[PDB]
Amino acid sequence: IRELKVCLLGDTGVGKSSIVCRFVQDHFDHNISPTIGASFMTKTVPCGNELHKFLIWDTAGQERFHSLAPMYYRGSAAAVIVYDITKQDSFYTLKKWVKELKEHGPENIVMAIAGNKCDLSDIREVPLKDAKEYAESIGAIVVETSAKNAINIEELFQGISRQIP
């Protein structure tokens, strides 16, 4: 068993809790309420010839909670930074989280970007190519996901697993 601390960063409403909830519980609630404080969940996944037990810290995205964020991301093997493909604002917040992360988190932290709500493509505001370049220009992976339709949730975490010895 290889314990991996992962933290979720992103603006409110982007789907951080929905992603974890899909990953861990294989469940989606359209009426999932916001997170107050933080939420911890865990899932063990076989990767190569070793087990990866993800210790997932799903942080509350709301403004009043930013002041509590360094507590969860410090000591993290990886950080999942989530935007909402349907709101471009959520994509600039992603950049502000990346910055804080390169300044206050582990020197060697795995960066993964999730372009959540990809099922709402008919209202897309963030092209995949723009997110792919940004990810490449920061040594991060990018996957467009949908917690709703279970698209690339498992793959998002296979992305983290792949970038570790």
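Position 1 is the first residue in the sequence shown; the rest follow in order.
Colleague: When the C-alpha temperature factors are averaged for each of 28 to 36 and 104 to 112, which stretch ends up with the higher value in the entry?
Modeller: Higher mean C-alpha B-factor in the PDB entry: 104 to 112.
Colleague: If you average the CA temperature factors over each stretch, which comes out higher, 124 to 132 or 62 to 70?
Modeller: Per the PDB entry, the higher value belongs to 62 to 70.
Colleague: Consider only the C-alpha atoms of the modelled residues in this chain, order them by B-factor as the entry records it, and name the third containing residue 94: lowest, middle or highest.
Modeller: It falls in the top third of the chain.
Colleague: In terms of the chain's CA B-factor thirds, is residue 118 lowest, middle or highest?
Modeller: As the PDB entry reports it, the C-alpha B-factor of residue 118 lands in the lowest third of its chain.
Colleague: Lowest, middle or highest third: where is residue 86 by Cα B-factor in its chain?
Modeller: Lowest third of the chain for residue 86's C-alpha B-factor.
Colleague: So where's residue 47 on the chain's Cα temperature factor ranking, which third?
Modeller: For residue 47, whose C-alpha B-factor we compare with every modelled residue in the chain, the answer is the highest third.
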